[PDB]
Every structure is written in C-alpha cells, then in structure tokens.
Amino acid sequence: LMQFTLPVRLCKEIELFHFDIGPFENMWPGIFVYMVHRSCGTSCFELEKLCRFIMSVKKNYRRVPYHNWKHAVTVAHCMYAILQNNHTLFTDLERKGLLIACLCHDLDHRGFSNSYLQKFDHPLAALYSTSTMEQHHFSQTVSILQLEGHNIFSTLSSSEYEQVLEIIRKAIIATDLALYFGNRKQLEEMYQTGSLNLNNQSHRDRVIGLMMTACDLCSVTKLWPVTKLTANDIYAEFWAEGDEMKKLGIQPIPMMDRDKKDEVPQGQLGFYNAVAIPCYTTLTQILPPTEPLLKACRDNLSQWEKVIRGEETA
Ligand SMILES: Cc1cc(C)cc(-c2nc3cc(NC(=O)c4c(Cl)cnn4C)ccc3[nH]2)c1
Ligand SMILES: [Mg+2]
Ligand SMILES: [Zn+2]
C-alpha cells in the first residue's frame with residue numbers, strides 16, 4: 001500500500017490542537033489525506049476518487065480573505081485532533097463524514113453573511129430563508145459528489161450513503177452561528193441535569209454541532225501570532241460587507257464598520273466572553289480531552305486584555 005507521510009516536524013506537531021497548516025497551498029491536500037488515513041483508515045476511500053474530490057472542492061472555494069480553502073483545511077484539522085483524542089466515542093460513518101463536512105463547510109463562500117444576502121435580496125435568500133449560505137454549501141457538496149469519478153462513498157450501501165450524507169448536512173448547517181447559541185444552551189442543561197445520552201441520535205447531532213462550532217472558530221485556539229494575524233483576514237471580510245451595507249443605504253453593525261477599527265480589541269473581548277469561552281467550556285465538560293482548546297482560548301483572551309491596556313500592539 002501507499003502511506004501518505006509528512007516531514008518530521010509536521011508529523012509530530014499535527015497531533016497538537018494548535019498546529020498551523022502553514023503557507024504552502026500545495027501541501028494542504030497531502031495533509032488532509034494523511035489526517036483521513038490515520039483517523040478513518042487507508043481503506044475508507046479509493047485514493048484516486050478522494051484526490052479528484054479534494055481538487056474539485058478546492059476549485060469551488062473563492063479568493064476571499066478568510067472564508068477560503070486554507071480555512072477549510074484548518075477546520076478539518078481541528079476535527080482530526082478532536083477525533084484522535086476521543087477515538088472510542090465515534091462510529092465508522094461519523095469518522096468518514098465529519099472530515100469531509102469540515103472540508104466542504106464553506107464551499108462557494110463570497111465573504112458575505114446570511115444577513116447581507118437578505119438585505120441585498122440575493123436569489124439564494126428566496127431559495128433558503130434560514131441558514132442561507134449553509135444550505136448553499138451543502139447543495140454545492142452534493143453537486144461535487146455527483147460529478148463523474150467523484151463519489152468517494154461508492155462502496156457504502158444505499159442506506160449507509162443516506163446516513164453519511166445526513167451527518168454531513170447537519171454538521172454543515174450547525175456552522176450557522178445563529179443556531180450555536182440555542183444548541184449550546186440545550187447541551188449545558190442536558191450536561192448539568194445528567195440527561196445527556198451519547199446513544200441518543202438527536203443528542204449526538206447536538207454534540208457534533210458543537211464540535212463544528214469549536215472547529216469553525218479554532219483560530220482563537222492557536223498560538224497568539226496566528227490568532228492575531230488571522231483576525232486581520234476576518235475583519236477584511238467584515239469591513240467589505242459593511243461597505244456594501246452602506247451602499248444599500250443601511251448602517252452596518254459595529255464589527256463591520258472599518259471606521260470603528262480602533263474598537264477591535266474590545267469587540268474581540270466581547271466575542272471571547274459571549275461565544276468562544278462558553279463554546280470550549282461546554283465542549284471540555286462533554287469531551288474532557290479537548291481541554292487544550294479552552295486553555296489556549298483563555299491565553300488569547302488574556303492577550304486581547306494586554307492589547308486593551310497598551311502592553312501589546314495590533
Ligand atoms: C470594531 C468592533 C466594534 C464592536 C462594538 C464589536 C466588534 C466585534 N468584533 C467581533 C468579532 C466576532 N467574531 C470573530 O472575531 C470570529 C468569528 Cl465569527 C470566528 N472567529 N473569530 C475570531 C464576533 C463579534 C464581534 N464584534 C468589533
Ligand atoms: Mg460559514
Ligand atoms: Zn467556516
């Protein structure tokens with residue numbers, strides 16, 4: 001057989017939750033196959049169809065500052081780390097489906113939120129009245145699966161194929177941050193009343209949803225230099241959207257106004273308290289080995305505070 005292998009440094013550090021996939025685009029497909037071969041197994045997919053699928057997916061991500069091909073592999077890598085450190089808890093089909101859901105979760109993103117598509121009256125907002133982009137991302141994933149030589153799930157039974165597609169659909173829809181608040185609340189009560197049951201399929205759904213939020217925000221869990229540099233790319237998109245809101249004659253919300261550039265450290269602080277810390281806290285309670293995500297989230301919170309008090313620049 002042919003085993004994908006990585007250089008020594010990458011081979012060690014890819015197992016850490018805070019691994020950065022680096023600036024060489026041409027290595028990301030190789031990194032993703034390696035992660036699939038070690039988390040799923042070398043017999044999960046025909047190598048030739050996986051490669052055709054990977055490259056069709058890459059080709060349907062856009063040249064946008066943040067919601068691009070590098071984000072896709074980064075989110076997939078965070079899922080790899082979660083799966084490797086909790087390997088006794090997941091089914092054969094869940095391993096297969098979740099790295100693929102992560103790779104495809106932002107297909108054909110143009111760098112605009114669901115809210116801008118509604119104010120613009122984009123045709124996708126007529127087709128899909130909630131989770132607008134996320135429903136488009138899934139639809140794009142099915143298109144790609146149905147290309148000739150691209151059905152990476154060709155060996156599955158008709159009913160298994162339907163299950164794995166249902167795992168993928170739910171995990172992608174869960175990346176709509178508007179649904180995260182509800183999902184985490186439900187999971188916090190279920191944890192703290194002892195009702196949470198991983199053999200309950202609609203509970204599994206909610207846990208995987210939270211794993212997708214954790215993976216989609218994982219830039220807040222990297223070393224500080226990655227975290228800070230990645231925040232430029234995020235605001236680059238947010239501010240282009242806010243410009244577009246202004247063109248419609250609408251005042252954008254604050255995070256999307258490039259005039260409020262100096263309030264970023266405080267906005268970050270707000271985001272960590274209201275969203276990130278709660279997310280990684282609830283995930284640590286449910287999956288104790290994910291601890292290092294929350295630890296690094298706290299370190300970076302502490303760094304945003306240094307920036308507010310002028311002991312650090314950005
Ligand atoms: C200039 C300014 C002013 C005010 C009043 C607020 C903000 C402000 N900045 C915000 C960023 C996020 N989210 C993220 O940074 C994010 C996502 Cl989403 C994924 N990963 N990350 C890291 C959410 C809410 C935010 N409010 C900004
Ligand atoms: Mg998205
Ligand atoms: Zn994303």
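Reckoned from all heavy atoms, side chains included, excluding hydrogens, waters and symmetry mates. We count residues from 1, following the sequence as given.
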Inset, instruction - In sequence, state the C-alpha distance, the side-chain angles, and the governing distance for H109 and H137, and then conclude on ring pair (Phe, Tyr, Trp, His ring centres under 6.0 Å). - result: CA-CA 8 Å; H109 206 294; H137 302 318; 5.6 Å; yes
Inset, instruction - Given side chain to side chain contact (heavy atoms under 4.5 Å, CB included), test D106 with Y61 step by step and report yes or no. - result: CA-CA 8 Å; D106 272 330; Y61 274 89; 3.8 Å; yes
Inset, instruction - Report the C-alpha distance between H37 and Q3 in whole Å, list the side-chain angles of each, state the deciding distance to 0.1 Å, and finish with yes or no for side chain to side chain donor-acceptor pair (under 3.5 Å). - result: CA-CA 8 Å; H37 278 186; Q3 304 294 327; 4.9 Å; no
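At most 12 heavy atoms of other shown residues, nucleotides or ligands fall within 6.0 angstrom of atom CG in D92. The 12-atom threshold is not exceeded at CD of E162, counting heavy atoms of other residues, nucleotides or ligands nearer than 6.0 Å. Enclosure of atom OH in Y34 by more than 12 non-hydrogen atoms of other residues, nucleotides or ligands within 6.0 angstrom is indicated.
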Side-chain donor-acceptor distances from residues 49-58 under 3.5 Å, at least two apart:
unit_1: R52; atom_1: NE; unit_2: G149; atom_2: O; d: 3.2
unit_1: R52; atom_1: NH1; unit_2: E48; atom_2: OE2; d: 2.7
unit_1: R52; atom_1: NH2; unit_2: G149; atom_2: O; d: 2.9
unit_1: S56; atom_1: OG; unit_2: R52; atom_2: O; d: 3.2
unit_1: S56; atom_1: OG; unit_2: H150; atom_2: NE2; d: 2.6
unit_1: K58; atom_1: NZ; unit_2: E25; atom_2: OE1; d: 3.3

Which pairs would a plain distance check flag for residues 306-314, meaning a side-chain donor or acceptor within less than 3.5 Å of a matching protein atom at least two apart in sequence or in another chain?
unit_1: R309; atom_1: NE; unit_2: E311; atom_2: OE2; d: 2.8

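Taking the side chain as every heavy atom from C-beta outward, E166 and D205 never approach each other to under 4.5 Å. Residues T42 and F4 have side chains not in contact (no heavy-atom distance under 4.5 Å, counting atoms from C-beta outward). Contact annotation: the side chain of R204 approaches that of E94 to within less than 4.5 Å [non-hydrogen atoms, C-beta and beyond].
Here OH of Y191 is found 12.5 Å from CZ of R184. Values are rounded to the nearest 0.5 Å. One finds the CD1 atom of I14 at 4.5 Å from the CZ atom of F19 (value rounded to the nearest 0.5 Å). Between the OH atom of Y180 and the CG atom of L177 there is a distance of 7.5 Å, given to the nearest 0.5 Å. In this structure, OG1 on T227 lies 11.5 Å from CG on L301, to the nearest 0.5 angstrom.
Closest approach of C11 to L6, counting heavy atoms only: CB-O, 3.8 Å. The minimum heavy-atom distance linking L283 with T290 is given by the pair O-OG1, 3.5 Å.
Under 3.5 Å, the side chains of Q303 and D299 contain no donor-acceptor pair of N or O atoms. Side-chain contact annotation: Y80 with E15, donor-acceptor N/O pair under 3.5 Å present. For the residue pair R258/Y235, the side-chain donor-acceptor check at 3.5 Å is not satisfied. Checking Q285 against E188 by side-chain atom types alone, a donor-acceptor pair falls below 3.5 Å. Side-chain atoms of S113 and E241 include a donor-acceptor pair closer than 3.5 Å. With no hydrogens or angles considered, no side-chain donor-acceptor pair links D233 and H71 at under 3.5 Å. Side-chain atoms of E305 and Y272 include no donor-acceptor pair closer than 3.5 Å.
Side-chain atoms of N300 come within 3.5 Å of backbone atoms of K222 as a donor-acceptor pair (strictly under, hydrogens ignored).
Residues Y280 and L89 share a hydrophobic cluster, clusters being chains of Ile/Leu/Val/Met/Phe/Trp/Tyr side chains in contact below 4.5 Å.
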